[PDB]
Amino acid sequence: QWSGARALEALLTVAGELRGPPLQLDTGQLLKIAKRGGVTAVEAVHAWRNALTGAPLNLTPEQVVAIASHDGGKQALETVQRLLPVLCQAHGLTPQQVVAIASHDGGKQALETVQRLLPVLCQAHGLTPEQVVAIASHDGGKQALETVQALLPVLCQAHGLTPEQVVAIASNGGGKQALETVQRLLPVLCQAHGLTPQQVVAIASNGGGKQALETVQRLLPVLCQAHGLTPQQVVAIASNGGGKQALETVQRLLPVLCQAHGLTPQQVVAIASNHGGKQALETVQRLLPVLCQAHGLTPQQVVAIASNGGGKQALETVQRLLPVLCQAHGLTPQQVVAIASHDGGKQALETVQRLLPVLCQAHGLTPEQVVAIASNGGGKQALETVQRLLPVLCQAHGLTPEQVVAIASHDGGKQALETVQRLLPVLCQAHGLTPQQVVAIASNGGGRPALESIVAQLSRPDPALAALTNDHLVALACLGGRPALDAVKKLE
DNA sequence: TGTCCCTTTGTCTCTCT
DNA sequence: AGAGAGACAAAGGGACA
Ligand SMILES: [Mg+2]
């Protein structure tokens, strides 16, 4: 008999009881835990199904699932019950910060290291606890913290980094490796290749930090001479997420793409400078002629789709869905491209296919309005939030469909929609803001934190924003969102 | 096996002007 | 607003006990 038979059965046993109180998990939560945390993690969640759910700790099931669904999730769950009170009272962290720290593989290691090192890091190394929390909140968090403690002085003094840079480098998976590689390679990359420490920090400030710095060091010569590329264009490929894989794939496919399809180097750099760049490039070489065949898409439209993170998923979903979206849903190829040319194009595309008839028939939007909402990063999220929240923003808060679509139609629209639904009453009813002023504030990228900052002022007034009327705060909030507000906060 | 750590890719959100 | 930067997570491999 296949070994896994027993454990698998154990899994289904324990996981049927978890559909019971007090977590009520929905199959797609039990799977998640099962896949990443394993059976020990499903069986830890059961064994601690009460201790975690209410007084003392009081975690949402969402928050229990987040802690459990990683390797060592059992250890994390045990450690969180032990240290969360210790960390909120002895160190002053929110429990949401403790959950953040715990929700990665080896979470236990992270938690115990924050417990052990946060004093020495804040006192003797000058870090804020929020910096310590960010460093901690990735896989290998424990490693990154011990490495920060050890290398912060040598990185700042011998190498000229600001502690902020050291923290930005540290705050990724493999933070330890990136830090160590930045130490070793910073002088080599600066003194031999004329890179600013700033550019070295940007290369290092990703996952595959170590990998990207070493691949830049090895390949900058081969790329800038025998491949007509600038130091700037190599830095950009290496620091935008593509890292090692993207740089090596730029070597391979730069001539193939150009020579066979007439793409400039700038178009190749842009396709490269993203997460999964290598994937986008390879998919572009593979799929371009299929798309552009028989007066299909123009090349430039392929370059566009491809030049966002997830470009490969976007290219393949267009290939698959262009026909049905145009035939069955009355969309132009131009529209399909626009939806696709954003991070998560694939998600937006699939969500338009699913939700366009619903949003038109049941909610009275136009296809154009649907395309507009879908045509931003996180399109899937904005579109699903529009469906959830349209009848509520309209009926309960008096907003027009037009106004909702407008809040919806930026990056973060989901966040902006959910914040408007929650903050409109206190803003209007308690502080005299008009619905239109509220809709205006939220109708930008960063609508959410801009609404929250406006509320932070009219709820617990900083004396530094006092000479500003509501109408002035509103104008500032529209113009530069939270950062503009915090900008004036620094004036008193 | 369970746990810890690292890398790559995909996706979502916010900033900076 | 478009480019750039930063956050959040899924999934796989190495390493080791
Ligand atoms: Mg594994």
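These numbers come from the heavy atoms of this one structure, side chains and all, not from hydrogens, waters or symmetry mates. The sequence lines fix the lettering, A, B, ..., with proteins before strands; numbering per chain opens at 1.
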Just the rounded figure in Å: distance from [atom2] of [N] to [atom1] of [X].
{"X": "A:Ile67", "N": "B:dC4", "atom1": "CD1", "atom2": "P", "result": "14 Å"}
{"X": "A:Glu248", "N": "B:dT7", "atom1": "CD", "atom2": "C1'", "result": "13 Å"}
{"X": "A:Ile203", "N": "C:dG4", "atom1": "CD1", "atom2": "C1'", "result": "16 Å"}
{"X": "A:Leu11", "N": "B:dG2", "atom1": "CG", "atom2": "P", "result": "11 Å"}
{"X": "A:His70", "N": "C:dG12", "atom1": "NE2", "atom2": "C1'", "result": "16 Å"}
{"X": "A:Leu111", "N": "B:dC5", "atom1": "CG", "atom2": "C1'", "result": "16 Å"}
{"X": "A:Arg36", "N": "B:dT1", "atom1": "CZ", "atom2": "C1'", "result": "14 Å"}
{"X": "A:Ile33", "N": "C:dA11", "atom1": "CD1", "atom2": "P", "result": "14 Å"}

Salt bridge flag under 4.0 Å for residues A:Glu418 and A:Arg448: no

C:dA10 OP1/OP2 closer than 4.0 Å to side-chain N/O of A:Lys35: no

OP1 or OP2 of B:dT3 under 4.0 Å from side-chain N/O of A:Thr40: yes

Heavy-atom side-chain proximity of A:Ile454 to A:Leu485 below 4.5 angstrom: yes

Atom pair CG/CD of A:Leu179 and A:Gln143 - distance to nearest 0.5 Å: 11.5 Å

Sequence neighbours excluded, every pair satisfying side chain to side chain donor-acceptor pair (under 3.5 Å) that has a member inside residues 159-168 of chain A: none

Residue pair A:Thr230 / A:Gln232, side-chain donor-acceptor N/O under 3.5 Å: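 The criterion, which ignores hydrogens and geometry beyond distance, is not satisfied for A:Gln232 and A:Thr230.
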
Heavy-atom protein contacts under 4.0 Å, nucleotides 8-17 of chain B, coded B base, S sugar-phosphate only, - none: BBBBBBBBS-

Under 3.5 Å: donor-acceptor pair, side chain of A:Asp139, backbone of A:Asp105: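 Yes.
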
